[PDB]
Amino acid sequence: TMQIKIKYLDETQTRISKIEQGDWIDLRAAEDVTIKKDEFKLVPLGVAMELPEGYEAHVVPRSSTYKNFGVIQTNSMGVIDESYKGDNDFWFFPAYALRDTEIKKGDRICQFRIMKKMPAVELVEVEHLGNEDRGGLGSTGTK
């Protein structure tokens, strides 16, 4: 009942779809891409969207992206804000190749979902927090 408007780069793009057993929706390479080991490439995904107001999208690799295509996503998880909704606001997957690789036009290389943006907040500067330190970075150990 919530609507996402999607505009494809052109008629040759493979239209994306929801599968029953996929909680996120797979996105696809807009063209063939060859990447060399230890080299980078913004893979075009060939979609621009208008998300429901107050929502954002998150894009991450699929668990099989590394096995299939030998790339990692350099920004970890991509955030697409509701405002990135213009007629030429296409989506890109930033890929770093850990081995030589070829991605084919139409290949499902990552996945996305939408969720509400964070609530309105204000940052209030203080001089002192007055809380006990938790610690971090492996303070609880490993065993």
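So that the term is clear: the rigid core is the largest set of C-alpha atoms that superpose within 1.5 Å between two forms. A residue's number is simply how far along the shown sequence it sits, counting from 1.
(request) Return whichever of 112 to 120 or 22 to 30 has the larger RMS Cα deviation from the displayed form in 5 other deposited structures of this protein, where every structure is aligned on the rigid core. (result) The more displaced stretch in 5 other deposited structures of this protein turns out to be 22 to 30.
(request) Tell me which of 35 to 43 and 51 to 59 has the higher mean C-alpha B-factor in the deposited entry. (result) Comparing 35 to 43 with 51 to 59, the higher mean C-alpha B-factor belongs to 35 to 43.
(message) Test of understanding: from the entry's C-alpha B-factors, which stretch has the higher mean, 17 to 25 or 126 to 134?
(response) According to the PDB entry, the answer is 17 to 25.
(message) So if I compare the CA B-factors in the entry for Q111, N68, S83, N75, which one is the largest?
(response) Spelled out: the listed residue with the top C-alpha B-factor is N68.
(request) Can you work out whether the C-alpha temperature factor of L98 puts it in the lowest, middle or highest third of the chain? (result) Within its chain, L98 is a middle-third residue by C-alpha B-factor, going by the deposited values.
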